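Participant:
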Amino acid sequence: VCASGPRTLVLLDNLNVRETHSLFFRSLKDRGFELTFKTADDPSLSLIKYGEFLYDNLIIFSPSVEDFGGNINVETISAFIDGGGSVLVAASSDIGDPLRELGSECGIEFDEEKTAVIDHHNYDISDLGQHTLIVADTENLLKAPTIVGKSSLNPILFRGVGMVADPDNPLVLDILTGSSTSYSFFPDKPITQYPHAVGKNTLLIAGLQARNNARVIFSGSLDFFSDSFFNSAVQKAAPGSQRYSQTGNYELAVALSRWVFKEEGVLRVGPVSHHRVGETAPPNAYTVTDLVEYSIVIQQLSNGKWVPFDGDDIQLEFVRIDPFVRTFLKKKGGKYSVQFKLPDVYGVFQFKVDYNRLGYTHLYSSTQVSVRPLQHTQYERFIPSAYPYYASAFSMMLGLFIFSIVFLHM
Amino acid sequence: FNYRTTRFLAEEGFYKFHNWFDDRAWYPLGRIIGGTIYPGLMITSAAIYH
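In structure tokens, the structure reads:
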């Protein structure tokens, strides 16, 4: 079961893109996606009908188009991402304003039109002589196995517009950074001003994980997905550089597409059970310093079948305003559970699980539990240390009665 | 506040009312109703009602 349905809409600036990118589309079709190809400017385009989403995934391979046909608009795409749809965007030097605006909403800042990434040291030998076709080293690749694939990759060719991730937005993912020497500027015009992107700040590919878990990937270069790069060999122009039979573009593209479409890293939270130790049911309210058992189950989507999750870093918290207790949840019997003693302070406590990890879906669970003070009956009785006090009160009654008997009949 | 307490005491009984802890107020700290109140007014109303 795929978290996102196979229905996919493809937007192409020109029909020829399908032929040039046949390898990418064929690999996607082989996975069971139902692709439909329409021109980006086509008037009939629509995403929402009567409040329902016509398509589950959108791929915009329309870098040069100034405006979208029909009802598609930057607001509509933003709503679509909020709905949980996955979006893929491919850019180029001809980027129109809507693509830049869409990146702005997502926190990824595209550079101005006509700019290109310039690398004078790592540009491929095949480059036209403008040093804009850069051989991106795998070292810059993000250290996330789920997103990029466990397998190693050969150097990948990128040619396109650099973008900068906004620092303020935490969710932004720096999937592929540029080289230390790379920068984004207008090649013809001298660099009087500070570059928009300089050094490793420049981003070639970046990803976003929304709070609703929608995933969007922005690529600086449309050509990266082109069949030409996939088959072309790579050798750096600089002397002493090895020549590789094939690029890593094809392998990297396959891994990214799987991540965007919720084929990897998807996690679900099942029932959570809490009860007093030795009890099968949760009490209405717990007592101070009582011992309780907390159990939760988490699953992972592998190959479309849910299986027990293997994560070992999960941490449970008992919180009132700030976390009183935090501990790891042990993996026992296919479930994550721990037993602990409640704090000595009463209040409206909440159990919390916040297992957020890079590349995986963000899981949050909260259950409200009230802890109450001890009842009057529960207090200790017949304390041995208090025996002298006990003796006095009993003694007084006996003396008083004896006095009454003697006094009356004296 | 007195009205809500009076209803709880009559329906629930004195002993439960004595140990009543309310979690619906002063979130998230909570309040101990039993030990922070004056029972005189509530008891008189409940006794006549019975």
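First to last, the protein sequences are chains G and U. Just so you know, the numbering used here puts the end of the first sequence at 416, numbered straight through with nothing missing. Just so you know, the numbering used here puts the end of the second sequence at 301, numbered straight through with nothing missing. Where a beta carbon is used, it is the ideal one built from N, C-alpha and C, also for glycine.
Jot down the residue ranges of each uninterrupted beta strand (DSSP E) in the segment 47-98 of chain G, minimum 3 residues, whole runs only, in chain order.
Facilitator: 63-67, 92-96, all fully within the segment 47-98 of chain G.
Participant: Count the other CB atoms, across all protein chains shown, that sit within 10 Å of the CB of residue 27 (chain G); report buried if there are 16 or more and exposed otherwise.
Facilitator: Taking the first residue of the first sequence as position 1, residue 27 (chain G) is located at position 21. It counts as buried.
Participant: Would residue 202 (chain G) and residue 190 (chain G) qualify as a contact pair, given that the criterion is a beta-carbon distance under 8 Å?
Facilitator: What you label residue 202 (chain G) is simply residue 196 of the first sequence in a count that begins at 1. What you label residue 190 (chain G) is simply residue 184 of the first sequence in a count that begins at 1. Yes, the pair counts as a contact, with Cβ atoms nearer than the cut-off.
Participant: By how many angstroms is the C-alpha of residue 230 (chain G) removed from the C-alpha of residue 261 (chain G)?
Facilitator: Along the first sequence, read from residue 1 onward, the residue named residue 261 (chain G) stands at position 255. Along the first sequence, read from residue 1 onward, the residue named residue 230 (chain G) stands at position 224. Computed Cα separation, rounded: 14 Å.
Participant: In whole angstroms, give me the CA-to-CA distance for residue 384 (chain G) and residue 356 (chain G).
Facilitator: Here residue 384 (chain G) is taken as the residue at index 378 of the first sequence, counted from 1. Here residue 356 (chain G) is taken as the residue at index 350 of the first sequence, counted from 1. Those two C-alpha atoms are separated by around 25 Å.
Participant: Can you name the residues of chain G whose CB is closer than 8 Å to the CB of residue 269 (chain U)?
Facilitator: Within the second sequence, numbered from 1, the residue matching residue 269 (chain U) stands at position 18. What residue 269 (chain U) touches in chain G: 382.
Participant: How many angstroms separate the CA atom of residue 393 (chain G) from the CA atom of residue 410 (chain G)?
Facilitator: Taking the first sequence and counting its residues from 1, one reaches residue 393 (chain G) at position 387. Taking the first sequence and counting its residues from 1, one reaches residue 410 (chain G) at position 404. Whole-angstrom Cα-Cα distance: 27 Å.
Participant: Consult DSSP for residue 416 (chain G) and reduce its assignment to one of helix, strand or coil.
Facilitator: Indexing the first sequence from 1 puts residue 416 (chain G) at position 410. Residue 416 (chain G) falls in the coil class under three-state DSSP.
Participant: Count the CB pairs spanning the segment 69-80 of chain G and the segment 46-60 of chain G that are closer than 8 Å, and state whether there are at least three.
Facilitator: Flag = yes, the segment 69-80 of chain G and the segment 46-60 of chain G touch.
Participant: Taking Cβ to Cβ, would you say residue 235 (chain G) is nearer than 8 Å to residue 255 (chain G)?
Facilitator: The sequence position of residue 235 (chain G) within the first sequence is 229, counting from 1. The sequence position of residue 255 (chain G) within the first sequence is 249, counting from 1. In this structure, residue 255 (chain G) lies closer than 8 Å to residue 235 (chain G) by Cβ.
Participant: Span of the alpha helix (DSSP H) holding residue 195 (chain G)?
Facilitator: Locating residue 195 (chain G) in the first sequence gives position 189, where the first residue counts as 1. Here residue 195 (chain G) belongs to no alpha helix (DSSP H), and DSSP marks it neither H nor E.
Participant: Could you spell out the range, first to last residue, of the beta strand (DSSP E) harbouring residue 346 (chain G)?
Facilitator: Walking along the first sequence from the start, residue 346 (chain G) turns up at place 340. Per DSSP, residue 346 (chain G) belongs to the beta strand (DSSP E) from 341-347.
Participant: Is the Cβ of residue 352 (chain G) closer than 8 Å to any Cβ of chain U?
Facilitator: The count along the first sequence starts at 1 and reaches residue 352 (chain G) at position 346. Yes, because at least one Cβ of chain U sits closer than 8 Å to the Cβ of residue 352 (chain G).
Participant: Give a yes or no on whether the minimum CB-CB distance between residue 372 (chain G) and chain U is below 8 Å.
Facilitator: Numbered from 1 along the first sequence, position 366 holds the residue referred to as residue 372 (chain G). By this cut-off, residue 372 (chain G) is not an interface position.
Participant: Could you give the first and the last residue of the continuous beta strand (DSSP E) run that contains residue 373 (chain G)?
Facilitator: Your numbering for residue 373 (chain G) matches position 367 in the first sequence. Unbroken beta strand (DSSP E) run through residue 373 (chain G): 369-378.
Participant: Assuming the contact rule is C-beta atoms closer than 8 Å, residue 294 (chain G) and residue 348 (chain G) should be a hit. Round their C-beta distance to whole Å, please.
Facilitator: Position 288 of the first sequence, counted from the first residue, corresponds to residue 294 (chain G). Position 342 of the first sequence, counted from the first residue, corresponds to residue 348 (chain G). Going by Cβ atoms, the distance from residue 294 (chain G) to residue 348 (chain G) rounds to 7 Å, so yes, they are a contact pair.
Participant: I'd like to know if the segment 211-224 of chain G and the segment 243-250 of chain G are in contact, where contact means that at least 3 CB-CB pairs between them fall below 8 Å.
Facilitator: No, they do not touch.
Participant: What number of angstroms, rounded off, separates the C-alpha of residue 296 (chain U) from the C-alpha of residue 56 (chain G)?
Facilitator: Here residue 296 (chain U) corresponds to residue number 45 of the second sequence, with the count starting at 1. Here residue 56 (chain G) corresponds to residue number 50 of the first sequence, with the count starting at 1. Distance between the alpha carbons of residue 296 (chain U) and residue 56 (chain G): 59 Å.
Participant: Could you say which of G:9, G:198, G:214, G:239 lies nearest to residue 132 (chain G) if we only look at CA atoms?
Facilitator: In the first sequence, the residue the question calls residue 132 (chain G) occupies position 126. Nearest C-alpha to residue 132 (chain G): G:239.
Participant: Going along chain G in order, which residues have a C-beta closer than 9 Å to the C-beta of residue 292 (chain U)?
Facilitator: Against the second sequence, residue 292 (chain U) aligns to sequence position 41. Residues of chain G passing the Cβ test: none, with the nearest at roughly 21 Å.
Participant: Spell out the partners DSSP gives residue 186 (chain G) in its beta bridges.
Facilitator: Here residue 186 (chain G) corresponds to residue number 180 of the first sequence, with the count starting at 1. The partner list for residue 186 (chain G) (beta bridge, DSSP) is empty, contrary to what the question assumes.
Participant: By Cβ distance below 6 Å, which residues in the same chain neighbour residue 365 (chain G) in space, the five residues on each side in sequence not counted?
Facilitator: Indexing the first sequence from 1 puts residue 365 (chain G) at position 359. Answer for residue 365 (chain G): 150, 152, 153, 271, listed in chain order.
Participant: Determine whether the beta carbon atoms of residue 109 (chain G) and residue 118 (chain G) lie at a separation below 8 Å.
Facilitator: Taking the first residue of the first sequence as 1, we reach residue 109 (chain G) at position 103. Taking the first residue of the first sequence as 1, we reach residue 118 (chain G) at position 112. Cβ distance not < 8 Å, so residue 109 (chain G) and residue 118 (chain G) don't count as in contact.
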